[PDB]
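Below sits a lone chain in structure tokens, taken as the form deposited in one PDB entry.
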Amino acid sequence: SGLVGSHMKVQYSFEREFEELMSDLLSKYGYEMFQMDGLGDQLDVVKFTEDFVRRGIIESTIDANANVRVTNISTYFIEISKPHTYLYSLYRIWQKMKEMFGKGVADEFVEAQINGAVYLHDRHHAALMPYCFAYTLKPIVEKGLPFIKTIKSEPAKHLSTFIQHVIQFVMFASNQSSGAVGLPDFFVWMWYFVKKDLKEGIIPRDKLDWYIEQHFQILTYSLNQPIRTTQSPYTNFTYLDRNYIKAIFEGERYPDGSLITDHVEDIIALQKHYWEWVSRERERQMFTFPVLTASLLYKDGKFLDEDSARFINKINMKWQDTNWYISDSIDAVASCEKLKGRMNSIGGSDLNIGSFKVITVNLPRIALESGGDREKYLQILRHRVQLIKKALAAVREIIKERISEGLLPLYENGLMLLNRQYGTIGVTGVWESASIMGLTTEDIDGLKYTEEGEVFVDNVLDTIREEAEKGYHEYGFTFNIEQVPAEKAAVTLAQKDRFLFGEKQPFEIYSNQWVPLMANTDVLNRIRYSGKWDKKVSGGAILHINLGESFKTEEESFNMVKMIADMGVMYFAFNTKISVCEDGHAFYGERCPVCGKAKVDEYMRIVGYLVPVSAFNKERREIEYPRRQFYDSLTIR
């Protein structure tokens, strides 16, 4: 095995049954199928490398923002092995599924993954490490960095060291997981060190706000200055309102013995300070992270912390850079077994909640297979979701093996908690699925579901809920549902379906909101749909409404926020188009009010967080129109 007159090959040690499965699938679907799935010539290390190193001049040729987007060698070492660790992960999942459920089930999953009936997320990591978690910093504050075992670090005594530890933890956790590193209680723990150092005279009183903002700066820029690749780890902050702070931290104490809930007003004030500082800082330099969410308790037409709500509403007026999380209860988070707690891939996941893996069901595929028959549709859907549950159970078993092998110290040190992680049934292409079924229309209010289309979506989501609920008793852990961001999946699934079904599949990309971001429809329709269906996925969705112009008054904005909250929307944001100049100043319009230079790019929420449009398009190009194999003077031989 490994490297094996002339005609050098590389041989991986697969069970013969798996080789036979893969050979049979290639004959059935064709080389193009495997190529589309990333299991074609992507495993050619020589071709991969020669293509990679040649991309620069191509990007310079076609992209005005190439100079900002330019890839360096650190990306090479991350990308080169992804097709190989995906192939390994697919194989290992097949082995585990065969072990648990028999070869029939294992074979069916591999076929569904390759042909696009399902979408295994973070597939290059899937048999190696878990997806995501929203952490509490309590163990960092109390234990230091115990997951780093080659040196013993003392817990922070001061603000500077606390900030260092948080940055290091973020960087560490981002290499132990595929997804977001959430820090919803950051300001709870930062406040402790601000006060401690103030009391001790470490922070001069007359330099208090300066010291605070210096550390805001150090942490925030660190989370937007990537060491490897051209992208920072995905991080989340949450503005916890007074209800959430009181509920989550009831009875909990700081290292000095004081009750955390005795400090609520100070924690709120520090959060407000950050939100204000961040809004100011964007004009100095635009950045993405941490993704901002505010978590508000809202009930019977009222915010229970109206002071915080009006604050968030006010600060958002500038950039609309904060996502609104609305909940009608703090029961799930009270001083944090069937798992309860919001899980959302964009932001707003509750403290100590995560997902070890998402596998998404291709809903348009099922529409294509059903031929318009809604009963047939639901039968296929239920079977697919049952298959996905088995795959998730297998991945969880593999994760447990990795834990036992000492490979995932975030679990050993109690930062990531497996019994606080869902297995996620993802959905995408809800709209396109209904469209193919003949269940969408256009009337005076724009694009919408037909009356039967709405029932159909109800039935789809309710069917998945039922299977998710059954999964708990079946597999001993909790399943959630998410309408996933699908930055790549929305493209690749559409492409696979077009390969298989031709012109029956008319869409270039599948949607990640109940109505497509770029559908011409009345905003009331969007809100109504999110009000109907957000609750069905327990807040695993986002609604974001593009605004042509910022709100004129805080009052107008706030009335809209309350109306959306009244309708039952659980996570939403307003979208503005933010201009940047070549110097990175954020503003609106074509000319920078700071340096007078022209706009060269835009920041926008496309899947739920603010990114440069040039970054979106470059990534989109890389998967949407894959290059044919070409040769030059060297690579022709």
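Think of the rigid core as the biggest set of C-alphas that the two forms share within 1.5 Å after superposition. Position 1 is the first residue in the sequence shown; the rest follow in order.
Just so you know, the form deposited in another entry exists too; it's not on screen, but the next bit is about it.
Taking the core as reference between this form and the one not shown, the lone member of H383, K299, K207, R280 whose Cα moves by 2 Å or more is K207. Annotation for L524: C-alpha shift under 2 angstroms between this form and the one not shown, rigid core superposed.
Taking 2 Å as the criterion, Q495 does not count as shifted between this form and the one not shown: its C-alpha moves by less than this amount when the rigid core is aligned. Shown in the overlay between this form and the one not shown, fitted on the rigid core, is a CA shift at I227 of 2 Å or greater.
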